[PDB]
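So the chains spell out like this:
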Amino acid sequence: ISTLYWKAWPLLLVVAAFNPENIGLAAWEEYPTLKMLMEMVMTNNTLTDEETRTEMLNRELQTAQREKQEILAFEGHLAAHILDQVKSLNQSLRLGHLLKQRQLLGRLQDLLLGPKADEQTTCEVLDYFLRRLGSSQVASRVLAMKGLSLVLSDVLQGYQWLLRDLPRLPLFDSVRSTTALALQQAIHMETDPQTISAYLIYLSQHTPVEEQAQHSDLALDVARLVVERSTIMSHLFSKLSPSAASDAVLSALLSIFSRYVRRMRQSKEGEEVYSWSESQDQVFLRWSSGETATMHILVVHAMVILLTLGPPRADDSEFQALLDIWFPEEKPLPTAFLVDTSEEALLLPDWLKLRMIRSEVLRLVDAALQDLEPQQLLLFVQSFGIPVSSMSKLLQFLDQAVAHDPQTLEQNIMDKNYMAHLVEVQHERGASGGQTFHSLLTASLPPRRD
Amino acid sequence: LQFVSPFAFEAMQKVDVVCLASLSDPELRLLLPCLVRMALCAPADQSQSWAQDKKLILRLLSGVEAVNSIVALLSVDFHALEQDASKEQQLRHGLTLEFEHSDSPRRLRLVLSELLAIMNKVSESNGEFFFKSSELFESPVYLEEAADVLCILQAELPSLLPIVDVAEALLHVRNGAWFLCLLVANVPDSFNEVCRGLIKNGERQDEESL
Amino acid sequence: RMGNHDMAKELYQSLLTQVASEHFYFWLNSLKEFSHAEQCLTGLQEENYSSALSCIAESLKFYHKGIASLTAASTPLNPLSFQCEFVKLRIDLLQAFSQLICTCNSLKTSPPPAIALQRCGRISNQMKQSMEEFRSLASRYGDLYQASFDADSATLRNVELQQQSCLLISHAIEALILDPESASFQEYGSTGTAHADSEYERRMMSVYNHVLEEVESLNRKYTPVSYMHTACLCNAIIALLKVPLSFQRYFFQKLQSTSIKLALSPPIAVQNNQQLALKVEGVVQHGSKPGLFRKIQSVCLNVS
């Protein structure tokens with residue numbers, strides 16, 4: 001059987017890379033050398049995807065075992081490693097011959113801007129090459145963006161094609177959905193902050209705002225990007241080194257979210273917007289003004305996290321508008337209904353509350369500080385990064401807490417030493433207040449020398 | 001691509017904490033892992049001088065929010081990690097997306113597995129300089145600080161992971177010079193032994209080899 | 001010789017210009033660097049370990065410049081073998097002290113892991129490495145003594161004192177950290193008859209006695225990774241370095257030279273059955289009088 005594969009291979013494995021050789025597609029997939037090559041190309045081409053690849057590897061192992069069994073049966077009939085040799089023959093078969101780069105580069109120019117260009121010439125090339133931007137290979141994305149920038153063509157000069165020629169082109173109006181979907185999927189696979197910035201400003205400028213489905217899923221994936229992924233956001237918005245490019249990106253994101261919140265505040269009950277959707281994140285949020293809305297819980301988290309980074313350098317309108325509608329003055333918060341059971345659901349969890357108190361926007365902090373449980377107060381005082389003013393006022397809240405109901409407080413307390421150490425640390429760094437909690441701690445823990 | 005300043009390493013080596021308050025936060029983010037390790041665990045020192053110095057250390061790093069990620073990294077049960085890694089070692093003898101989409105134990109498991117894999121490959125060979133061990137965590141700029149911090153803990157808390165083999169492995173990886181520099185910054189007294197271990201491998205310039 | 005190294009540096013620096021041969025230029029420059037390096041340790045302070053680290057680093061820089069220069073001073077005739085090896089052992093001793101102070105600071109600069117001796121794994125292992133380093137240093141001072149056949153008695157006693165300081169530090173490490181339980185040794189030496197032959201040697205014996213009695217007072221008191229062990233070891237290092245180094249006659253001045261030509265029967269084939277019969281012979285050379293310090297009546301030729 002291995003000798004059969006070695007004898008059948010040179011018909012197509014030694015031939016060039018022309019299409020007719022090995023009867024187009026069928027006979028290619030058959031011949032083990034050809035097959036192996038195409039399979040390795042497809043194989044190289046998240047956790048769920050890894051499991052699929054693992055299943056493919058198991059299937060390949062099963063096929064190799066079947067081929068070995070066939071070889072064993074053939075040997076028995078004749079009387080009456082194999083995989084390594086087959087792979088070596090397939091690799092060393094010396095196929096391909098030629099793709100020389102200038103020939104295919106000049107050939108490709110006719111398909112997009114030349115008189116030969118049409119819908120199909122753009123759409124097929126986009127379906128083949130733009131899809132590579134979502135692949136797990138970072139080299140795939142690098143080569144794809146380099147090739148697109150080279151073939152097609154004052155901030156982010158390299159990616160300026162996506163910002164100044166393609167949205168202006170006639171072939172964008174009909175092929176907007178496929179590019180938008182592919183780039184939106186690629187927002188999770190992209191890593192460099194400048195790339196993420198370019199895609200976000202593009203989706204801010206030239207998206208189908210009018211279509212509800214595109215706006216909704218774009219909001220969902222942007223919400224996943226800004227909530228699920230933090231380190232990309234951290235490098236993009238490092239508060240040690242703010243930049244006006246980050247200002248433009250945050251203004252664009254706030255513009256998109258302001259548009260979404262306007263759209264959902266305009267949505268009334270009894271429309272097609274409210275469905276029994278498959279996804280669990282759907283939440284029916286109704287404001288104190290009677291307005292009704294259906295949006296995803298992670299999108300709410302995305303809206304609130306965007307306000308924790310402070311004001312824009314060059315803009316104040318959308319930030320203030322979003323701050324007012326989301327965190328009003330002298331008014332209560334809206335009540336959310338989880339669509340699964342129509343019950344009240346949490347709005348500001350612990351990982352969210354930490355970023356609200358860390359944020360220096362005052363309204364957000366005093367909104368977070370309202371009705372805090374003693375366990376949550378212990379969690380917040382135990383964390384770092386909080387500014388001095390927020391820390392001091394939370395310490396005064398803790399002072400009120402101990403003076404009112406100390407019983408739950410020292411019921412939940414596992415150990416008093418290290419918190420007393422940290423609260424005196426926070427007291428001496430420049431904070432005022434909180435001395436009552438420290439004094440109560442030292443009341444049962446008098447100071448000791450070391 | 002910022003390395004630890006000589007003042008920072010000298011001050012950490014001498015534990016000159018009074019001048020450590022005069023160090024910039026971008027500099028301090030490289031030596032922070034060990035720092036948070038110091039102020040949050042078993043002192044094993046029990047001195048009033050060290051009690052105040054630990055107090056000043058806790059004072060200094062309270063103003064940076066990146067310490068919360070390390071606290072999450074420091075709160076795991078490391079016994080499960082050492083058993084899993086040792087069992088895998090006996091068994092054999094788009095990872096940044098997973099990094100963004102996982103908890104601290106999974107991060108530690110994946111990077112510890114990667115690290116043990118590269119030192120096993122290099123120890124199996126005779127110093128062939130397999131410089132293409134992997135480039136998935138070392139290449140993207142986003143996961144430089146986070147994985148560097150996590151590498152400091154995974155080279156400290158499972159202390160059965162040797163410092164010299166970690167240094168040689170980082171020499172084999174793409175962008176490991178910066179990791180080696182900050183890792184020696186975190187564990188300061190190993191500089192002599194790290195350099196000693198790094199000297200006994202190559203003889204000549206190897207015709208200016210890679 | 002008397003350890004006054006700052007003014008010695010001042011004089012040696014003045015002598016660089018007026019010498020004529022390059023070998024003596026390197027030699028005088030190396031002496032200037034060694035004197036400056038020893039004066040760097042004059043600025044030490046008791047119970048200040050950061051200053052100790054800084055001063056030892058500053059000393060080691062000039063020591064390294066000096067040893068490079070002194071190796072440049074070597075020539076086929078009069079090769080500075082004793083000076084090279086003595087300075088190299090001082091290099092290794094100061095580097096060992098720097099490493100030990102760094103580790104003692106690493107007791108608090110690297111707290112132990114979640115592991116439930118053991119439970120202080122890193123500090124114990126680096127203590128063990130320091131122990132091995134100091135024992136190897138003592139052994140190297142010993143074979144330097146043994147290679148110093150032509151040296152005067154005072155130079156041999158000075159090298160012996162260097163070896164004893166290395167042994168003292170290693171034993172302090174062992175009896176405080178590694179094996180405190182089984183090191184139940186009583187320091188019952190007749191210290192009254194410690195006839196010190198110099199002020200430098202007197203300070204050496206005084207600091208040995210203080211470190212040893214401090215170790216004896218802390219035999220089993222504490223758990224072996226306490227900060228008091230660190231304080232004891234660092235104070236031992238600082239007190240040992242405070243007494244300045246005292247170069248001696250054999251460093252500067254060679255007398256009673258001797259050597260062996262060692263002629264013998266000379267890529268040599270031999271039949272395996274006809275086992276080799278070798279004649280080994282040699283003459284003992286002498287510089288001026290043969291028997292000035294030591295008299296030679298044996299040659300214990302060892303062959304392998």
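Residues numbered from 1 in each chain as written, not as in the entry; some residues may be left out. Chains lettered and ligands numbered in written order. Part of a larger assembly, values for the part shown. Heavy atoms only, no water. Residues with missing side-chain atoms left out of burial classes, pairs and counts.

For this deposited structure, the header cites cryo-EM as the method used and 4.1 Å as the resolution.

*Asks:* Whenever I open this one, the overall build of chain B confuses me. Can you help?
*Replies:* Summing up its helical and strand segments, chain B has twelve helices and zero strands in all. Scanning chain B from its N terminus toward the C terminus, one meets helices and strands in the order α-α-α-α-α-α-α-α-α-α-α-α. Taking 17 Å as the expected radius of gyration for a compact globule of 210 residues, we find that chain B reaches 18 Å, a close match to that expectation. Along the first, second and third principal axes, the C-alpha set of chain B runs to 50 × 40 × 30 Å. (Helix = DSSP H or I, 4+ residues; strand = E, 2+ residues; numbered from the N terminus. Rg over C-alpha atoms; globule rule 2.2 N^0.38 Å.)

*Asks:* What is the right way to read the overall build of chain C from this model?
*Replies:* Per the secondary structure count, chain C includes nine helices and four strands. Counting from the amino terminus, chain C carries its helices and strands in the arrangement α-α-α-α-α-α-α-α-α-β-β-β-β. Each principal axis of the C-alpha distribution contributes one length, and for chain C these read about 65 × 65 × 45 Å.

*Asks:* Looking at this structure, how should I read the interface of chain B and chain C?
*Replies:* Accessible area lost when the parts come together is the quantity often used to give the size of an interface. At the junction of the two partners, chain B supplies 23 residues and chain C supplies 21 residues. Breaking the side of chain B that touches chain C down by element, the ones donating at least two residues are α1 (6-14), α3 (25-40) and α12 (191-199) of chain B. It is α3(B) that contributes the most residues to the side of chain B that touches chain C, three residues altogether. Its residues assigned to classes, the side of chain B that touches chain C shows ten nonpolar, seven polar and six charged. (Contact = heavy atoms within 4.5 Å. Nonpolar A, V, L, I, M, F, W, Y, C, P; charged D, E, K, R; others polar.)

*Asks:* Just checking my understanding: could you explain the interface of chain A and chain B for this structure?
*Replies:* Counting residues at the interface gives 30 residues for chain A, matched by 27 residues for chain B. Of all the elements in the fold, those that place two or more residues in the side of chain A that touches chain B are α10 (176-189), α12 (212-228), α13 (231-236) and α22 (417-428) of chain A. The greatest single-element share of the side of chain A that touches chain B, amounting to five residues, is contributed by α22(A). Grouping the constituent residues of the side of chain A that touches chain B by class yields eight nonpolar, eleven polar and eleven charged.

*Asks:* Help me understand the pairing of strand β1 (residues 282-286) of chain A in this model?
*Replies:* Residues in a regular strand project their side chains so that they alternate between the two faces of the sheet. Residue and element names in this part refer to chain A. Bridge count for β1 against strand β2 (residues 292-296) is five bridges, and the pairing is antiparallel. Looking at the pairing, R286 lines up with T292 of β2. Here β1 folds back onto β2 in antiparallel fashion, the turn holding five residues, of which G290 has a positive phi close to 90 degrees. In terms of strand pairing, β1 meets strand β3 (residues 335-338) through four bridges, oriented antiparallel. If you follow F284 over to β3, its bridge partner there is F337. (Pairing = 2+ DSSP bridges.)

*Asks:* Can you walk me through the packing of helix α11 (residues 193-205) of chain A against helix α14 (residues 244-266) of chain A in this structure?
*Replies:* Helix-helix packing: each pair is described by the crossing angle between the helix axes and the interaxial distance. Residues and elements named next belong to chain A. The contact between α11 and α14 brings their axes to 9 Å, and the two run at 40 degrees. In terms of their interaxial angle, α11 and α14 are classed as oblique. Two packed elements cross with a definite hand, and for α11 against α14 that hand is left-handed. Only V249, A252, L253 and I256 of α14 make contact with α11, whose side of the interface consists of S197, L200, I201 and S204. Taken together, the residues of the contact of α11 with α14 sort by class into six nonpolar, two polar and no charged. (Axes fitted to C-alpha atoms, helices over the stretch in contact; angles between N-to-C directions. Parallel < 35°, antiparallel > 145°, perpendicular 65-115°, else oblique. Left-handed = near helix turned anticlockwise from the far one by under 90°.)

*Asks:* Looking at this structure, I do not really get the packing of aromatic side chains. What am I missing?
*Replies:* Note on aromatic pairs: each is described by the distance of the centres and the angle between the planes. Residues C:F86 and C:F251 carry aromatic rings whose centres are separated by 6.1 Å and whose planes lie at 70 degrees to one another, so their mutual orientation is edge-to-face. Between C:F97 and C:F134 the ring centres are 5.6 Å apart and the planes differ by 35 degrees, which places this aromatic pair in the tilted class. Taken together through their ring pairs, the aromatic side chains of C:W27, C:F82, C:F86, C:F247, C:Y250, C:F251 and C:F252 make up a single cluster. In this structure, B:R107 is placed above the aromatic ring of B:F99, and the distance from its NZ or CZ to the ring centre is 4.5 Å. (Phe/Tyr/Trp six-rings, centres within 6.5 Å; stacked < 30°, edge-to-face > 60°. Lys NZ or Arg CZ within 6 Å of the ring centre and 35° of its normal.)

*Asks:* What's the story with the environment of C:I56 in this structure? I'm lost.
*Replies:* Residues and elements named next belong to chain C. Secondary-structure assignment places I56 in helix α3 (residues 49-72). In this structure the C-alpha to C-alpha distance between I56 and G43, which are 13 residues apart in sequence, comes to 9.8 Å. If we skip the residues at most four places from it in the chain, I56 touches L41, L94, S98, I101 and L241.

*Asks:* Sorry if this is basic, but what is going on with unusual backbone geometry here?
*Replies:* In terms of backbone geometry, most residues other than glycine have negative phi values and most peptide bonds are trans. All names here are of chain A. At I23, a residue that is not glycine, the phi angle is positive and equals roughly 35 degrees. When you line up the elements, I23 lands in the loop between α1 (2-12) and α2 (26-30). Phi is positive for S342, close to 60 degrees, though the residue is something other than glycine. Examined against the element boundaries, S342 turns out to sit in the loop between β3 and β4 (343-344).

*Asks:* Is there a simple way to think about the sheet that holds β4(A) in this case?
*Replies:* Overall, antiparallel pairing links the four strands, which are arranged β2-β1-β3-β4 (chain A) in an open sheet. Edge positions in the sheet fall to β2 and β4 of chain A, since each has one partner strand and no second.

*Asks:* Is there a simple way to think about the pattern of salt bridges in this case?
*Replies:* Proximity of charged atoms lets side chains of opposite charge pair with each other. Here C:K32 and C:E33 are joined by a salt bridge, their closest N and O atoms 3.5 Å apart. With a closest N to O distance of 3.9 Å, C:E46 and C:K242 form a salt bridge. (Salt bridge = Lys/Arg side-chain N within 4 Å of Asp/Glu carboxyl O.)

*Asks:* Is there a simple way to think about the environment of B:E98 in this case?
*Replies:* Assignment of secondary structure puts B:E98 in helix α7 (residues 95-100). A sequence separation of 62 residues divides B:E98 from B:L160, and the C-alpha atoms of the two residues are 26 Å apart. In this view, B:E98 contacts A:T46 and A:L47; residues no more than four positions away in its chain are not counted.

*Asks:* Would you mind going over the packing of α3(C) against helix α8 (residues 227-242) of chain C with me for this structure?
*Replies:* Residue and element names in this part refer to chain C. One way to put it is that α3 packs onto α8 with a least axis distance of 11 Å and a crossing angle of 45 degrees. When the axis of α3 is compared with that of α8, the two are oblique. When the axes of α3 and α8 are compared, the crossing they make is left-handed. Two secondary-structure elements touch here, α3 through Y49, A52 and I56 and α8 through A231, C234, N235, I238 and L241. When its residues are assigned to classes, the contact of α3 with α8 shows seven nonpolar, one polar and no charged.

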